[PDB]
Ligand SMILES: O=[N+]([O-])c1cc(-n2nccn2)ccc1NCCCCCCN[C@H]1C[C@](O)(CO)[C@@H](O)[C@H](O)[C@H]1O
Ligand SMILES: [Ca+2]
Ligand SMILES: [Ca+2]
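Protein chains in written order, with the entry's author numbering: chain B, 35 to 117; chain A, 34 to 183, 248 to 350, 370 to 966.
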């Protein structure tokens, strides 16, 4: 089955979900990367409140989530600080 | 107001020189004394009335340049010759006598085509390519050389003892066919220089002018004694290598422009740069004084400054404010209130008690800080810097041997003798992390007031008869004092890192050669629309003479800009090389998120455009560093035969690819954009509408408008993923914007490296890529095979303007099977978007449109 953008602008195979290229006008095909300018990344933050951050802050080298999951391939190792 | 500063009539040497009017020169060359040496022709000159004997040293140089030096034959004391400005001893070419009569000697440079005719009586020099007269020297008979005799002069309450009497030198040059001259910054005046006949000469004397005004020839903070002449047919340059107070007269007259230089002391030392194209002149001048230092990438981002951020908490609130309002910023600046009572290299113990902690917080956001360090040292026995300089005798001195003391920000202060190499070494070592306590690798430096500014001095600067290293007078060295400050600071930032990190130093005063040490800005402008406009001609005049890293305070330093003006200044500043918002102590806070949302949004858009274009900016600065070509350019540099561009200063080029016409009028509904070039097309980068040249296009604008056009035949690289600072972006993929020529072609370059070290030079760790489009194929190849770089940067997108819909798109890269790319096409705009090529930027590849 293919993935359909949440704004109906396109329908793409699921191999273009989180493929580090922006295919949906609302950014919904890249929830886990920095590829879309209007996307959002979800910090689960087990032990604190969950948080949403701009996609542009995924793997930017800066620790944005207390659980550190926004930095998974940047060279910055973020520690858990949700306490 | 201006009675504080000398007019030419109030400058005794300028009054004497300028009273010599065009006529029969009393100087004549003694052809019996002529000697052809290995590097130069020497011949004696004599004043017919005074019988004073001078020596002309004439040299042909490689790269089609001529050097003329004139000094006394038997001087009582040596005259000053400017050191440390030339990067090398210029390679010479051989001169030959190829013709002579009783009153003339014709010289050939090497084996042609350049020749120099030395006339004996009256003394005169003519420079020719074959039979075409390029330039004449002393044709109006204005040569003047006051020899050193066996005087006392007062201005306001200051007295110049002038112990060597009149020693000024001067010489005129004639430029047949030239009607347009440019250069000799810094002046708040038009790009095309005006004739000085009915008024003041242009003045070159580094001075601190409070609330300087526009459209006048008063000397400002910097002096680059380089004049460019442009016509439809040729380009020439004149480089007057003198560090003393200098006045420049410009007169017009079959069309011909005459230039006259008048300097207080030193020898006559002038380079003639014969082109023939303006890029030849750029190359010629760069071979003499060097090229623009390659800025660390972060310094091409946005700088947030004011006088002053209050404390560490304020700095961190500003930092967080950028992220909370989704605006990028690379550097926050600390003006003089961050130090202990304007004792530089210190921190206020209450408001900045933990500078390392503040710097660490900024580093965790991948941002930098700049701290101001001025060259005046508070006279204070508890101040270690002052004590060390006093004890080691490294201060500028007065004639009685005591250390000079003037007034500046900390009150009474002394001035280190930056002409002394031992002083510059001390200064550089002071920037070590052990000596400059509280500094860290992400702290960079701002040198201000280095004219030097002296509040109780004549014309707000140092006395002419202060004494420097080797006994030279301050009047001899004045215009390179700031350059020495800039140089020693930059070397300090390099040395503190063990020679690895590239520096960033902003300097206010400058001279020829200052491009080697960092950035400059146009000082204390004012929050007014005409000051916004004049930033273009001021930075263009600096660009033409090699200082490519130029800018003006965004928003204006003095007064409070209305929000519409501040928006327009951000849009203007986003497309100028040094991009810093700065403001006076008593202005309201104007961080860009403090405005209403519609103004915030327009400013954020300008910041995003700047950050997206960083790969383009960085490549233009690499080309400036390697070739000496200016980053920001007048239209006439790209269109030397279009006479209607010779005076344009409300428009500029970035490289050869982008034409910028920022809105610079309140309430504007449109702008008139001149799009030059026969057979040339231009693409509106916001609408993708193509326009043919040459034409004047009326473009409607709104508050968010920045009129920018990409030239057909160019390829512009962009980082389309704007992050919070450049450090966050420098591993991100590149989008290529291909603007097709009418012939279906385009080309561009891209430079990449680690972004902050000298490894590109010491280890050849960099990439230089050539992108080229022809037929229906886009190809990436190496423009320099010596460069290799480990980088994850890849090509995520190609945007082609002016293309039809292909049937299929095929990518080939070495090491990979042939791949098919999906694509999207807009028939209305003829824009083709190729999806995710996915190829490393280090790889050769080709994309074919079938
Ligand atoms: O007439 N005087 O020269 C004079 C004389 C006396 N005086 N007279 C007798 C005893 N004292 C006192 C003051 C003055 N000038 C006053 C005010 C000029 C403010 C402009 C400074 N701008 C630079 C400093 C820096 O402001 C801050 O580091 C930056 O922010 C900018 O960027 C820099 O360009
Ligand atoms: Ca995708
Ligand atoms: Ca992050």
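A virtual CB, placed ideally from N, CA and C, is assigned to each residue, including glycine.
Contacts around residue 701 of chain A, its chain only, beta-carbon distance under 7 angstroms, and the 5 residues preceding and following it disregarded:
Cβ neighbours of residue 701 of chain A beyond the five flanking positions: 423, 424.
Looking only at DSSP bridge pairs, what is residue 277 of chain A linked to?
A:327
If you measure between the beta carbons of residue 558 of chain A and residue 611 of chain A, is that distance less than 9 angstroms?
no
With the cut-off set at 9 angstroms, would you say residue 279 of chain A and residue 750 of chain A are in Cβ contact?
yes
Quick one: what's got a C-beta closer than 7 angstroms to residue 72 of chain A's C-beta in the same chain, skipping five residues either side?
92, 125
For residue 620 of chain A and residue 412 of chain A, believed in contact at Cβ under 8 angstroms, the rounded distance
The beta-carbon separation of residue 412 of chain A and residue 620 of chain A, rounded to 6 angstroms, stays under the 8 angstroms limit for a contact.
Within chain B, the residues that residue 482 of chain A reaches when beta carbons sit closer than 7 angstroms:
95, 96
Is there a C-beta anywhere in chain B that falls below 9 angstroms from the one on residue 445 of chain A?
no
Cβ of residue 836 of chain A less than 9 angstroms from any chain B Cβ?
yes
Within the chosen definition, does the region 860-871 of chain A reach the region 101-113 of chain B through at least 3 CB pairs nearer than 8 angstroms?
no
Taking Cβ to Cβ, would you say residue 80 of chain A is nearer than 9 angstroms to residue 63 of chain A?
The answer is no: Cβ separation not under 9 angstroms.
Distance, residue 268 of chain A Cα to residue 808 of chain A Cα
46 angstroms
Does residue 587 of chain A come out as helix, strand or coil in the three-state DSSP assignment?
helix
Using a Cβ cut-off of 7 angstroms, pull out every chain B residue sitting near residue 952 of chain A, in sequence order please.
For residue 952 of chain A, the residues of chain B that pass the 7 angstroms Cβ criterion are 55, in the order they occur in the chain.
Could you tell me if residue 303 of chain A is buried or exposed, where buried requires 16 or more neighbouring beta carbons within 10 angstroms of its beta carbon?
Looking at its Cβ environment, which holds 16 or more other Cβ atoms inside 10 Å, residue 303 of chain A is buried.
Taking only beta-carbon atoms, is residue 85 of chain B less than 9 angstroms away from chain A?
Not an interface residue.
Leaving out five residues before and five after residue 131 of chain A in sequence, what residues of the same chain have Cβ atoms less than 8 angstroms from its Cβ?
139, 140, 141, 148
Going by DSSP in three states, residue 544 of chain A sits in which element: helix, strand or coil?
helix
Reducing DSSP to helix, strand and coil, say where residue 574 of chain A ends up.
Reduced to three states, the DSSP call for residue 574 of chain A is helix.
DSSP state of residue 594 of chain A mapped onto helix, strand, coil
helix
Would you mind reading off the limits of the beta strand (DSSP E) that contains residue 806 of chain A?
806-808
How about residue 844 of chain A: is its C-beta nearer than 9 angstroms to some C-beta of chain B?
yes
Backbone secondary structure at residue 635 of chain A - three-state DSSP:
strand
Can you check DSSP and say which residues form a bridge with residue 38 of chain B?
B:45
Which residues in chain A sit within 7 angstroms of residue 90 of chain B, going by Cβ to Cβ distance?
What residue 90 of chain B touches in chain A: 837, 838, 839.
Which of the three DSSP states, helix, strand or coil, is assigned to residue 137 of chain A?
strand
Nearest candidate by alpha-carbon position, reference residue 396 of chain A, set A:954, A:746, A:937
A:746
By how many angstroms is the C-alpha of residue 503 of chain A removed from the C-alpha of residue 738 of chain A?
Answer to the nearest angstrom: the Cα atoms are 42 angstroms apart.
Taking only beta-carbon atoms, is residue 849 of chain A less than 9 angstroms away from chain B?
yes
Just verifying my parser: in three-state terms, what is the DSSP assignment at residue 423 of chain A?
coil
Measure how close the beta-carbons of residue 594 of chain A and residue 153 of chain A come, nearest whole angstrom, since I'm counting them as under 8 angstroms.
In fact, because the Cβ distance is near 36 angstroms, the residues do not count as touching under 8 angstroms.
In the DSSP assignment, the beta strand (DSSP E) including residue 816 of chain A goes from what residue to what residue?
811-816
With 9 angstroms as the limit, tell me which residues of the region 911-941 of chain A have their beta carbon closer than that to any beta carbon of chain B; keep them in chain order.
912, 913
Could you pull the DSSP bridge partners for residue 886 of chain A from this structure?
A:865, A:897
Between the alpha carbons of residue 892 of chain A and residue 939 of chain A, how many angstroms are there, rounded?
15 angstroms
C-beta atoms of residue 740 of chain A and residue 664 of chain A nearer than 9 angstroms
Their beta carbons are under 9 angstroms apart, which means residue 740 of chain A touches residue 664 of chain A by this criterion.
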